Amino acid sequence: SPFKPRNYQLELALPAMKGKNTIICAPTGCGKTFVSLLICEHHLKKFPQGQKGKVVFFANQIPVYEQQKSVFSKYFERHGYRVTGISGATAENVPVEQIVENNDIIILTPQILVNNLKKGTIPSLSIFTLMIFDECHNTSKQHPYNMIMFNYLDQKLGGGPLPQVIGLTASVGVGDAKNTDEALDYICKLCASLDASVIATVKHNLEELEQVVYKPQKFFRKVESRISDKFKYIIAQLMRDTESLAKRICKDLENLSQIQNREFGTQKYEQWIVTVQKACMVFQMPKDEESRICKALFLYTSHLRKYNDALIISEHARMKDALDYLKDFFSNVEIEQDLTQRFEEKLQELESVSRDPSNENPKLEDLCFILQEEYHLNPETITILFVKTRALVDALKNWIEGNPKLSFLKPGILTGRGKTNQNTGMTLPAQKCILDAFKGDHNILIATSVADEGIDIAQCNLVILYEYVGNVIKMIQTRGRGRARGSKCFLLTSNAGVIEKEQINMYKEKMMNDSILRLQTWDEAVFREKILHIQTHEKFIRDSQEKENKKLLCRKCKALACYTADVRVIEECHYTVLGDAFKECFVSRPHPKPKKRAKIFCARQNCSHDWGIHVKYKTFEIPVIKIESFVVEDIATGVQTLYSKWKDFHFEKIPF
Amino acid sequence: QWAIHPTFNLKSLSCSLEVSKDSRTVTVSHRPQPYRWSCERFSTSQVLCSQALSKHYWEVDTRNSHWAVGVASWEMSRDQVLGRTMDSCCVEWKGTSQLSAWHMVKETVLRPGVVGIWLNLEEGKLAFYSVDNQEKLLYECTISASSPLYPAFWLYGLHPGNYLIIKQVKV
RNA sequence: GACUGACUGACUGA
RNA sequence: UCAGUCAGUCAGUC
Ligand SMILES: Nc1ncnc2c1ncn2[C@@H]1O[C@H](COP(=O)(O)OP(=O)(O)O)[C@@H](O)[C@H]1O
Ligand code: ALF
Ligand SMILES: [Mg+2]
Ligand SMILES: [Zn+2]
């Protein structure tokens, strides 16, 4: 209530208060959410007595969903309209068919709406009478926003009432454009995707929009790599030794993969090693002698790849982290003892070099320098730090916690709901706790990608990007986090290519903000004509564009695990096998490593590879497996191919 | 009469900061400048003079952002910020366009100008004077450290192109 | 709290 | 056109 709408906010609603499907574009930090509120309030009051209208609000990321839901709840609490939400976190949700009808304003995460549409609980999209998309820029390709819009367009073009469509965005994006013409191509295609008709941008009140909204400045920091690194030398020499051992046993190793001029620290080397794994695994002989060859190649390749990952982790984190990674792998995990000795032979040297402070990673040193100067300048500041991956989040957290130099900082984390690769992220109450804490004692946030597209942590004076890059949409959303005035962004990187990419991205942004000024001069009906043309053409394209007993062997020791004709899917997702023979083909660990249920492991003492885990279903617990760990060989022919997920492989599925 | 001309040393120069050949001009480099790695280096965009002082006055001009000028002695730790550890007495221009003084790790708040340092441990007196068109009087206090004292400076290091230099006015 | 499955987008490389 | 990493989202069993 106490908010007094600013001029440009009133200006940005008229095209949508009139009832035309619209796209609303304004710089980051404008009052888009408030504008959506005004549009919804004015649309709600229009219906005559006896007829009521539902509003839907999508939002694709959970923290954003909670923030938007709270804003809507507080604003429309007074009037008495009833708001609600359906998401993935809700447990044993009461029927969605009923919850939609009971409540007027529904906030969803779009994949829910697609679920219900395909299932048939919501019959037809005609129920809703307003749709609001909080990232108009995502509606393309096969993103769930676009699948909702596909259903809508299919309903309109062929042959009831159909709902109004709004979208809010701060940057519509240029796709693959090279000149202004290609940008216009892409922007018109976007507008066509969601039944657009008007693009609304601030023009009259630009003078005011400049005073209230502050554009943060940008800066680039290029960091010298080390003159000489001891860690890299030692590990690379170990890798070369292992590579020579790999060379010996197989007649040819280079031919298996076309990739060439491999370097030790790159991702290219990772691709080489994986392709070599997947090529050696399919070598066949006319039949027990080659088992030793396969096992050996498995081991050499595996340890080589793990050293590679160590080098990369070392590049992006403190050296101690890489040493910890390697030590943990060797603790957990014949030839194995040979290479265990080969690592322990040098381990003390690595421990020595790790703790010598003069070899501290230069990037992290620059991060310390920048944080220290900035926080000394203004003692009250809040920083966001964007990192590519989840492991780097924990590494940087450790680094901040126990560095004497950066005492002021008091970190917090923020990642996404899902749990992947032995790290598990925050749950919804945890995210709410962190964000409300910022509203407090915390003074720096460590985020993955999920904290883009509007987290709205006011009073941010510093965004730091730790080798973070992408298409211009990402650049605009990331640079816009610093809502507070006086804010800065620092792109901090070691590779010159990234520094170049950010400059070309700034140029692309300028081109986009020109090609959207151009499109506002067309007549009011040429737009509608060409949009209908694009919609129809794309509908035609999309509509017509769609219309035994193989033995399973071990990926590492090539022993007859089971047969396809003896696997019965259970509840259509978990997979299981039956028979006393299979119960002899593995030996469950008496005290499994996680303990937290028992895992599976290969029967032989020679081979111990992760076949699966054990889970309990109703009365009887059953053994489940993962296809990543087997190799399929035909019952008659000798063919062999590798399937990463169950979905590619096709067998005579029969229910439990 | 008691005026001296302190000269910046390469001993404590910070990687980011840079110095001129005349050795009376200090600025912030556009790019990092490599230097030997030692615990002597500040690791913060600061600098320490070399004219050890155990009746000395010296004038630094602050024309051409944020600056701290002060006196600190060799005991001070490199990683700690100038003016906020015990041994160091400094005058700083905050980021909120106010002029503050840090003495004996105590905050004391108080329009900018070109400033001097006048110290005499003979009576344990430390004085600052902001002299532009008039002999304006700045914060003055009492402080005595056993070790001989050195002039010191801190120049905001994220913003390239701000330089601090030393003026040797004459009688 | 940890378990198994599918979906999508972005970035590389050949 | 095929590959390899990454990050978000949904479903089911405990
Ligand atoms: N009328 C107003 N007066 C003052 N502040 C406002 C007003 N409307 C919105 N804001 C502030 O602007 C902030 C950012 O708006 P938001 O919708 O998050 O921008 P974005 O377009 O990035 O989503 C909101 O947190 C709100 O507090
Ligand atoms: F909708 Al935004 F930053 F673009 F919250
Ligand atoms: Mg927003
Ligand atoms: Zn095996």
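Throughout, read-outs are computed from the coordinates displayed, never taken from laboratory work. Virtual Cβ from ideal backbone geometry, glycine too; neighbours counted across all protein chains shown.
A single member of A:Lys141, A:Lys119 is over 16 Å from A:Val56 (Cα atoms) and within 12 Å of RNA strand C (Cβ to nearest atom), and it is A:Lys141. Go through segment A:217-259 and give me each residue that's charged (D, E, K, R) and more than 14 Å from chain B (Cβ to nearest Cβ). Passing the criteria: A:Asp229, A:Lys230, A:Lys232, A:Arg240, A:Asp241, A:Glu243, A:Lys247, A:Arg248, A:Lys251, A:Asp252, A:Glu254.
Just so you know, in segment A:602-656 the residues that are in contact with a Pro (Cβ under 9 Å, 6 or more places away or on another chain) and under 25 Å from A:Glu336 (Cα atoms) include one that is surrounded by the most Cβ atoms within 10 Å (Cβ to Cβ), and it is A:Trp611. Each residue in segment A:265-280 was checked for being away from RNA strand D (no atom under 12 Å from the Cβ) and crowded, with 17+ Cβ neighbours inside 10 Å, and 1 of them qualify.
Residues of segment B:18-33 that are away from every other protein chain (no Cβ under 14 Å) and within 17 Å of B:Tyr156 (Cβ to Cβ): B:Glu18, B:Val19, B:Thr25, B:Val26, B:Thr27. In this entry, A:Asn93 is excluded by the filter for residues that are more than 14 Å from every other protein chain (Cβ to nearest Cβ), within 16 Å of ligand 1 (Cβ to nearest atom) and more than 29 Å from A:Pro2 (Cβ to Cβ). Which condition number does B:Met76 fail, the rest of (1) within 14 Å of chain A (Cβ to nearest Cβ); (2) of a type in the set (A, V, I, L, M, F, W, C); (3) not in a strand (DSSP E or B) being met? That leaves (1) as the condition not met. Scanning segment A:347-363 for residues that are within 13 Å of chain B (Cβ to nearest Cβ) and not charged (D, E, K, R), which turns out nearest to B:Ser97 (Cα to Cα)? The selected residue is A:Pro362. Could you tell me which residue of segment B:3-36 is nearest to the chain's Cα centre (by Cα), considering only residues that are closer than 18 Å to A:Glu373 by Cα and charged (D, E, K, R)? Checking each candidate, the answer is B:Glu18.
Of A:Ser257, A:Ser291, all but one fail to be in contact with a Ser or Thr (Cβ under 6 Å, 6 or more places away or on another chain) and either in a helix (DSSP H, G or I) or surrounded by 13 or more Cβ atoms within 10 Å (Cβ to Cβ) (or both); the exception is A:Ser257. When A:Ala598, A:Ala603 are checked against the criterion of being under 25 Å from A:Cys294 (Cβ atoms) and either of a type in the set (A, V, I, L, M) or in contact with a helix residue (DSSP H, G or I) (Cβ under 7 Å, 6 or more places away or on another chain) (or both), A:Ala603 stands alone in meeting it. Scan A:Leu371, A:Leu396, A:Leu367 and give me the residue that is under 17 Å from A:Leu492 (Cα atoms), more than 14 Å from chain B (Cβ to nearest Cβ), assigned to a helix (DSSP H, G or I) and of a type in the set (A, V, I, L, M). That would be A:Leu396, the only listed residue that is under 17 Å from A:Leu492 (Cα atoms), more than 14 Å from chain B (Cβ to nearest Cβ), assigned to a helix (DSSP H, G or I) and of a type in the set (A, V, I, L, M). The condition of being surrounded by fewer than 19 Cβ atoms within 10 Å (Cβ to Cβ) and more than 29 Å from the chain's Cα centre (by Cα) holds for A:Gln49. One residue stands out among those in segment A:1-41 that are of a type in the set (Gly, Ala, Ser) and more than 26 Å from A:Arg528 (Cβ to Cβ): the one that is farthest from RNA strand D (Cβ to nearest atom), which is A:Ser1.
Take the residues in segment A:301-360 that are of a type in the set (S, T, N, Q) and under 26 Å from the mean Cα position of the chain (by Cα), then tell me which one is farthest from A:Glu243 (Cα to Cα). Filtering first and then ranking leaves A:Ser314.
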